[PDB]
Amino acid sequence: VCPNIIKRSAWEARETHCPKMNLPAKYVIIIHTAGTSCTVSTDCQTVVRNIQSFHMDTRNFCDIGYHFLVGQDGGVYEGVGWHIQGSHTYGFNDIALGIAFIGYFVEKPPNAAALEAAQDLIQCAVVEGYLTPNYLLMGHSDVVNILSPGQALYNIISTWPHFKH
């Protein structure tokens, strides 16, 4: 089933009212925050909260851009959740679940804990119906010109199921 998942309230997320996400989604997009990483609950909560603020105040997004985030503490963090539209990839925000690893992974990849959490989340997504049974998995850089989710992480997710080979 779905891994733990720490809620928005847990990281003192600014409350908003954003466009709704249309489920089921047809894709999963692996992203990396490209910023600092985190190894313990409190640190990750902080980093996630800062990203929301940055996305809302200087990027003008309606809320944090990712549906979910994954830390090196192996924990899954709720972004805007399953039901809100994302702000992570042009042309895919209404049909793709954006999952972002907290950190910068071009050279070194996320630990096994982080990776496992992602796949378990992905698994419950398709099982729960948040994703179509024939959904497609892809990396950020496959869709737009972006240095995400990092070659290291890319090489990893490229081997997961439903990856758009």
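One rule holds for the numbers: they count along the sequence shown, beginning at 1.
Student: For the higher mean C-alpha B factor in the entry, choose 110-118 or 36-44.
Tutor: Averaging CA B-factors over each stretch, the winner is 36-44.
Student: Relative to the other modelled residues of the same chain, rank the CA B-factor of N145 and answer lowest, middle or highest third.
Tutor: As the PDB entry reports it, the C-alpha B-factor of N145 lands in the middle third of its chain.
Student: Where does the C-alpha B-factor of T132 rank in its chain, lowest, middle or highest third?
Tutor: For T132, whose C-alpha B-factor we compare with every modelled residue in the chain, the answer is the middle third.
Student: Should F61 be placed in the lowest, middle or highest third of its chain by the C-alpha B factor in the entry?
Tutor: As the PDB entry reports it, the C-alpha B-factor of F61 lands in the highest third of its chain.
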